[PDB]
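Trainee: This is the structure I want to talk about, given as structure tokens.
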Amino acid sequence: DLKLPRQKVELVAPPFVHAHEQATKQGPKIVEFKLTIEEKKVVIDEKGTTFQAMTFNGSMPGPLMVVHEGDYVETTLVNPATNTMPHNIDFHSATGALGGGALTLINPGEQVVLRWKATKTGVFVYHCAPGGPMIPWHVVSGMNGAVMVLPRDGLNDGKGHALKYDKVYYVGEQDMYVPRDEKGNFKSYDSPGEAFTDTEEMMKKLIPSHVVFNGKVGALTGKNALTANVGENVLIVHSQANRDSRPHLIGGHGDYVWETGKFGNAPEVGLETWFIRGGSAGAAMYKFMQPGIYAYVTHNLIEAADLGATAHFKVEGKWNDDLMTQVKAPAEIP
Amino acid sequence: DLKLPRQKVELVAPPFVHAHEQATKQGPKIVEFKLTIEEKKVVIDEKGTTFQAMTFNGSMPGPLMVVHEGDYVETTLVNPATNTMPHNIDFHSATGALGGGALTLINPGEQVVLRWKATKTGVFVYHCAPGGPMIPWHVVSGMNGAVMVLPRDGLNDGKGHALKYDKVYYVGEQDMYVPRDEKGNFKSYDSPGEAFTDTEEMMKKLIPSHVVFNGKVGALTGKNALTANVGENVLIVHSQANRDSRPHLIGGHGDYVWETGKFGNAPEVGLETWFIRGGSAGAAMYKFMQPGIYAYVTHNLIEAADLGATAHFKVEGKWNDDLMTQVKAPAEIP
Amino acid sequence: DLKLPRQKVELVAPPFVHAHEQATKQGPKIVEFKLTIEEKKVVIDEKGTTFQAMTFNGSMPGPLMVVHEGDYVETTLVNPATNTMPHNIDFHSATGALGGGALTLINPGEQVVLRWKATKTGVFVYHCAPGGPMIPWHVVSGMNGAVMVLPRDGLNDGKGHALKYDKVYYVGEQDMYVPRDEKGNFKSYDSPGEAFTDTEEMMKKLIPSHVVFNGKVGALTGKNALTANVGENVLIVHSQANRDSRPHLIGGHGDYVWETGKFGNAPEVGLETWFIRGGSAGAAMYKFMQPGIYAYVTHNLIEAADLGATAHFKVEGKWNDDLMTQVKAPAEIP
Ligand SMILES: OC[C@H]1O[C@](O)(CO)[C@@H](O)[C@@H]1O
Ligand SMILES: OC[C@H]1O[C@](O)(CO)[C@@H](O)[C@@H]1O
Ligand SMILES: OC[C@H]1O[C@](O)(CO)[C@@H](O)[C@@H]1O
Ligand SMILES: [Cu+2]
Ligand SMILES: [Cu+2]
Ligand SMILES: [Cu+2]
Ligand SMILES: [Cu+2]
Ligand SMILES: [Cu+2]
Ligand SMILES: [Cu+2]
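Residue numbers (the deposited numbering), protein chains in the order written: chain A, 3 to 336; chain A', 3 to 336; chain A'', 3 to 336. A prime marks a further copy of an entry chain.
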């Protein structure tokens with residue numbers, strides 16, 4: 003019945019974001035996405051700890067989907083027969099049927115096609131939610147991502163002025179619960195099912211073993227640091243499907259921040275640290291002013307430095323001595 | 003000295019809310035409430051775990067009190083001789099004397115009458131606070147509720163438009179700390195006093211055993227699911243007197259949300275998940291658009307699914323295929 | 003190159019704040035501060051528990067620095083040879099070089115001079131951040147404080163009206179991690195280095211042993227209670243460099259609150275409880291209306307009453323029976 007043009011999107015793995023328009027002259031379309039579920043054992047830290055992950059499209063987080071207000075988002079969710087568990091998808095951006103979860107439960111070997119109208123603007127979590135205790139377990143195993151629903155006129159500052167980003171990154175934060183043996187080493191498991199009992203026991207104690215960005219300690223560092231140049235306005239979408247976070251750009255700010263993540267609200271300005279409620283996505287824009295290394299963290303510094311939740315930006319450009327300068331280098335106290 | 007009309011309220015148990023006006027032509031009144039404290043052993047989960055509760059009016063949470071700005075709230079607090087402990091009441095809505103706590107300490111067999119002027123609008127916690135370590139213990143044993151102070155012109159959107167709810171529910175969330183024995187089973191105690199040492203030891207470790215709505219796992223499900231019809235605007239007041247929460251309506255949104263809970267501030271719009279600071283009440287309005295089951299959770303999904311913090315709505319009406327549709331039911335992958 | 007007038011500040015220990023102007027006719031200056039690092043063993047509770055602290059200027063928190071928008075803040079950071087560790091300073095108010103940390107690493111026996119331009123208004127954390135796992139450890143050992151960057155026109159309500167405070171207090175909240183021995187007593191250590199292994203093991207479990215204001219249980223009580231008179235507008239700056247908090251003034255309100263702490267945003271009004279994200283400072287103003295004792299807490303009441311996080315105000319003036327009155331003192335139930 004719905005006679006609108008169809009547009010396919012080629013999703014890309016986080017922290018990158020598929021190409022899209024901010025402000026657009028397009029009217030509503032049916033925007034087509036495919037997500038293929040993958041259960042897989044992965045390495046989550048530099049010590050070689052393994053983890054029974056379950057993912058949309060092979061990544062933690064799942065990829066960012068980007069549409070505009072009033073689009074219809076038509077997702078083909080695929081659960082190949084090489085997986086062991088049923089799965090589904092719930093979009094916090096969608097209205098009805100538990101966000102879609104009640105319409106998308108698929109066994110291994112099945113696929114389903116869900117469409118929802120993007121009536122709410124902002125960034126939103128999506129996640130698997132099979133039912134009952136499986137809900138938290140699938141989410142904390144990695145089955146969560148986000149979708150961005152942009153206004154057709156692009157983003158604004160709440161005072162009539164356009165905010166336009168030069169690039170966007172998606173940082174998905176994952177709380178992980180890896181049990182330890184008697185002597186204190188992390189355990190490894192042969193299947194998600196085998197990991198479940200120990201993993202649920204730990205989950206209910208509410209303390210993660212690892213808190214990571216992009217699926218792994220150090221994922222967004224080194225060759226895979228985020229990048230910018232002085233003068234570029236960067237949008238950083240941050241999601242956390244299960245547990246609170248407090249993002250902070252070390253050496254920078256949130257120039258414009260939607261911590262509750264919803265573009266019908268004006269951004270806050272000039273923040274040091276913002277707050278992502280567990281079960282949500284938020285977004286912050288910053289115009290880089292100084293070159294060099296930045297760390298992007300959750301500002302529980304124990305989780306940042308010790309449990310995995312640090313990304314880097316490497317920023318090119320000219321140092322601004324007006325903004326900051328080392329007046330006297332380290333020297334012996336007189 | 004205060005020569006204003008008096009109005010009695012018949013309180014009703016949560017999640018229901020006593021009848022009241024939103025916008026009103028009444029001027030200030032003395033609104034009379036009675037709260038009778040009850041210490042009692044209750045069952046908190048479907049396994050039969052027991053808990054030494056202490057309550058206002060027999061319920062967790064205590065009942066919602068509703069008045070208007072500039073009313074005087076006159077509460078008769080009763081501590082029958084069948085209780086074992088002193089108790090008092092502190093209203094976060096009130097000014098002075100530790101919210102009233104310093105004027106309301108009553109031993110078993112006593113009652114006291116406190117009046118406070120409702121000079122601040124919003125939803126607010128009330129709770130017992132005897133002194134010292136008894137403060138957290140009485141609160142986490144159940145001795146907390148909330149009061150709503152409405153503007154005389156009713157609620158507004160911050161842009162000049164009335165928001166009127168068709169019904170209101172009060173969801174009180176309770177963090178509970180039930181110790182376990184050596185073999186791992188929850189303990190039972192003969193009195194609140196007998197429970198105290200083990201319970202305080204656990205409390206100080208900051209991890210609840212249970213996180214429940216309306217006093218029990220599953221309280222707001224089944225016959226006691228919350229209800230609505232498509233087209234109804236529902237206000238959901240959420241309180242948490244001791245510990246943060248992140249409410250979320252699965253399949254819906256917060257159309258208008260006061261997460262800090264205070265009507266002198268405009269609501270935020272179109273939220274997925276909001277945040278109730280421990281020690282506060284907040285409120286969210288949603289106009290239902292789709293029929294069916296919704297879950298209302300804290301979106302730490304471990305606490306929602308595994309520790310008790312899930313309510314349901316059952317919503318009647320016509321399915322809207324424009325907003326969401328199952329384009330293709332589950333089928334074998336081609 | 004920077005040819006502006008220089009002004010020295012004499013810092014004062016928290017919770018007091020060095021003298022400053024709110025609205026000012028001064029233009030930009032170079033405002034000079036000195037911070038001298040002190041590692042020291044201190045007592046943190048009334049039981050005599052000790053703690054290996056590391057501090058700016060000898061205090062937890064470090065002292066509040068106050069400047070105006072567009073000032074240049076020139077800090078001489080001194081690490082005397084009587085300390086054991088390298089240290090640095092990162093200002094969340096500053097732009098570049100990890101907030102200054104990348105320009106200020108100093109060994110014992112060294113000092114360094116950093117200048118940054120105060121381009122963002124609000125209250126902000128500063129803290130040590132040497133690198134890697136040392137970052138959280140130095141912060142949770144006490145090496146954090148805050149800086150306030152005021153608009154040159156002073157504070158406003160977002161509706162065109164000046165807010166002027168009669169006094170300001172700085173409450174620095176510290177999460178502390180003191181390990182216990184087998185029999186359950188807190189451990190004591192001979193040096194910060196000796197404390198590190200046990201302390202890091204505990205840190206990674208994310209549960210503090212103590213949560214204190216001004217460095218110690220009960221620091222802001224008794225002779226050192228905070229004070230006010232009825233009619234005085236008091237600004238309370240609250241910081242937490244590592245972990246969330248939920249401030250609340252028991253018996254009062256936050257009349258005007260910047261919980262994210264940044265003066266480019268309007269305050270919220272009439273709050274019961276607000277939220278300080280770990281890694282940030284926020285601020286609340288209240289005009290006292292009633293005399294007597296108030297408690298200022300984090301409203302996780304377990305942390306407030308049992309882990310250390312309670313301050314008092316003692317307020318002088320006349321009781322207002324219109325706002326609150328004890329209609330009937332405790333009496334036998336009829
Ligand atoms: O940026 C979004 C905000 O901007 C406005 O459209 C103009 O102030 C508001 O109505 C909205 O909340
Ligand atoms: O809804 C409450 C809000 O609405 C207004 O009255 C009009 O914008 C504001 O002054 C207030 O903060
Ligand atoms: O108080 C700060 C706020 O006040 C205003 O200047 C006037 O409403 C806003 O532009 C700013 O966000
Ligand atoms: Cu799944
Ligand atoms: Cu969800
Ligand atoms: Cu009590
Ligand atoms: Cu309280
Ligand atoms: Cu240091
Ligand atoms: Cu920092």
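In this text, a Cβ means the ideal position worked out from N, Cα and C, and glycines have one as well.
(1) Sort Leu-100/A'', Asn-85/A'' and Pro-249/A'' by Cα distance to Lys-43/A'' and report the nearest one.
(2) Starting from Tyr-298/A'', follow its DSSP beta bridges and name the residues at the other end.
(3) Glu-203/A' and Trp-139/A' look like a contact to me (Cβ under 8 Å); what is the Cβ gap, rounded to whole Å?
(4) Report the three-state DSSP secondary structure of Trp-276/A' (helix, strand or coil).
(5) Below 9 Å between beta carbons is the criterion; list the residues of the segment 314–334 of chain A' that meet it against any residue of chain A, in chain order.
(6) Please list, in chain order, the residues of the segment 131–155 of chain A that have any C-beta partner in chain A' closer than 7 Å.
(7) Could you check how far apart the C-beta atoms of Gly-266/A' and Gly-284/A' are, in whole angstroms? I think they sit under 8 Å.
(8) Give the residues from the segment 238–251 of chain A that approach chain A'' closer than 8 Å (Cβ to any Cβ), ordered along the chain.
(9) Where does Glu-12/A' land, buried or exposed, given buried means 16+ other C-beta within 10 angstroms?
(10) Heavy atom of ligand 6 less than 8 Å from the Cβ of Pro-132/A', yes or no?
(11) Please classify residue 1/A': does DSSP put it in a helix, a strand, or coil?
(12) Is there contact between the segment 177–184 of chain A and the segment 79–97 of chain A, where contact requires at least three CB pairs shorter than 8 Å?
(13) Taking the beta carbon of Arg-279/A' as the centre, do at least 16 other beta carbons fall within 10 Å, making it buried, or is it exposed?
(14) For a cutoff of 9 Å on Cβ pairs, would you count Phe-277/A'' as touching chain A'?
(15) Mind listing the chain A'' neighbours of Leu-309/A? Cutoff is C-beta to C-beta under 9 Å, in chain order.
(16) Could you tell me whether any Cβ in chain A is nearer than 9 Å to the Cβ of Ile-295/A''?
(17) For a minimum of 4 consecutive residues, which ranges assigned as the alpha helix (DSSP H) are wholly contained in the segment 174–218 of chain A?
(18) If you measure from the beta carbon of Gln-176/A'' to each beta carbon in chain A', is any gap under 9 Å?
(19) Could you tell me whether the Cβ of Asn-267/A comes closer than 9 Å to any Cβ of chain A'?
(20) At a Cβ cut of 7 Å, what residues of the segment 65–77 of chain A'' count as close to chain A', listed as they run along the chain?
(21) Could you check whether the Cβ of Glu-41/A sits closer than 9 Å to any Cβ belonging to chain A'?
(22) Just to check, is the beta-carbon of residue 352/A' closer than 8 Å to a non-hydrogen atom of ligand 2?
(23) Counting along the chain, where does the beta strand (DSSP E) carrying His-129/A' start and finish?
(24) I need the straight-line Cα distance from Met-205/A' to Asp-155/A, nearest angstrom please.
(25) Below 9 Å between beta carbons: does that hold for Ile-295/A'' and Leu-100/A'?
(26) Does at least one heavy atom of ligand 5 sit under 8 Å from the Cβ of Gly-98/A?
(27) Taking C-alpha atoms, which residue in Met-56/A', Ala-104/A' and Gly-195/A' lies nearest to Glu-41/A'?
(28) In chain A, which residues lie less than 7 Å from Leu-105/A'' when you measure between Cβ atoms?
(29) Exposed or buried, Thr-275/A'', counting other C-beta atoms within 10 Å across all chains shown (16 or more means buried)?
(30) Between which two residues does the alpha helix (DSSP H) holding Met-136/A'' run?
(31) Apart from the five residues just before and just after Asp-168/A', which ones in its own chain have a Cβ nearer than 6 Å to its Cβ?
(32) What is the DSSP secondary structure of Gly-160/A', reduced to helix, strand or coil?
(33) Distance check for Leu-303/A and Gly-133/A'', CA to CA, integer angstroms please.
(34) With respect to the beta strand (DSSP E) encompassing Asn-81/A, which residues constitute its N-terminal and C-terminal limits?
(35) Could you check whether the Cβ of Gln-113/A sits closer than 9 Å to any Cβ belonging to chain A'?
(36) Do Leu-228/A' and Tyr-288/A' have their C-beta atoms closer together than 9 Å?
Mentor: Let me lay it out:
(1) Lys-43/A'' has its Cα closest to that of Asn-85/A'', out of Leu-100/A'', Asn-85/A'' and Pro-249/A''.
(2) For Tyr-298/A'', which the question treats as bridged, DSSP gives the partners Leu-251/A'' and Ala-313/A''.
(3) Going by Cβ atoms, the distance from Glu-203/A' to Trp-139/A' rounds to 11 Å, so no, they are not a contact pair.
(4) It is coil, neither helix nor strand.
(5) Those residues of the segment 314–334 of chain A' that come within reach of chain A (Cβ to Cβ, closer than 9 Å) are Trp-321, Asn-322, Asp-323, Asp-324, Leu-325, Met-326, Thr-327, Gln-328, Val-329, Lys-330, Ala-331, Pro-332, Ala-333 and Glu-334.
(6) In summary, the residues of the segment 131–155 of chain A whose CB is separated from some CB of chain A' by less than 7 Å are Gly-134, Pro-135, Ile-137, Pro-138 and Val-141, in the order they occur in the chain.
(7) Not confirmed; about 14 Å, so no contact.
(8) Correct list: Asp-246, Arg-248 and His-250.
(9) Exposed, since its Cβ has fewer than 16 Cβ neighbours within 10 Å.
(10) Correct: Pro-132/A' has its Cβ closer than 8 Å to ligand 6.
(11) With chain A' covering 3 to 336 only, the question about residue 1/A' has no answer from this structure.
(12) Not touching, per the Cβ criterion.
(13) By the Cβ neighbour-count rule, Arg-279/A' is buried, with 16 or more other Cβ atoms within 10 Å of its own.
(14) Yes - at least one Cβ of chain A' is within 9 Å of the one on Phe-277/A''.
(15) For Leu-309/A, the chain A'' residues whose C-beta falls within less than 9 Å of its own C-beta are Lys-206 and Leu-208, listed in chain order.
(16) False, the Cβ-Cβ gap to chain A never drops below 9 Å.
(17) Runs of the alpha helix (DSSP H) spanning 4 or more residues and lying entirely within the segment 174–218 of chain A occur at 194–205, in chain order.
(18) No, no contact with chain A'.
(19) Interface annotation, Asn-267/A: in contact with chain A', CB-CB separation under 9 Å.
(20) Among the residues of the segment 65–77 of chain A'', none has a Cβ less than 7 Å away from any Cβ of chain A'.
(21) Under the 9 Å criterion on CB atoms, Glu-41/A is classed as non-interfacial with respect to chain A'.
(22) For residue 352/A' there is no data in the structure shown, the boundaries of chain A' being 3 and 336.
(23) 124–129 is the span of the beta strand (DSSP E), which, as asked, contains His-129/A'.
(24) For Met-205/A' and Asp-155/A, the distance between alpha carbons rounds to 50 Å.
(25) Yes, they are a contact pair.
(26) No.
(27) Among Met-56/A', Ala-104/A' and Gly-195/A', the Cα nearest to that of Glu-41/A' belongs to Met-56/A'.
(28) Per Cβ cutoff of 7 Å: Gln-328.
(29) Per the 10 Å Cβ criterion, buried.
(30) Looking at the DSSP string, the run of the alpha helix (DSSP H) that includes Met-136/A'' is 136–142.
(31) Leaving aside the five residues that flank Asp-168/A' on each side, the residues in its chain whose CB is nearer than 6 Å to its CB run, in chain order, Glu-234 and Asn-235.
(32) The answer is coil: DSSP assigns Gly-160/A' none of H, G, I, E or B.
(33) Whole-angstrom Cα-Cα distance: 11 Å.
(34) For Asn-81/A, the enclosing beta strand (DSSP E) has its first and last residue at 74–81.
(35) Chain A', which has a Cβ nearer than 9 Å to the Cβ of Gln-113/A, makes this yes.
(36) The Cβ-Cβ distance between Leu-228/A' and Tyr-288/A' does not fall below 9 Å.
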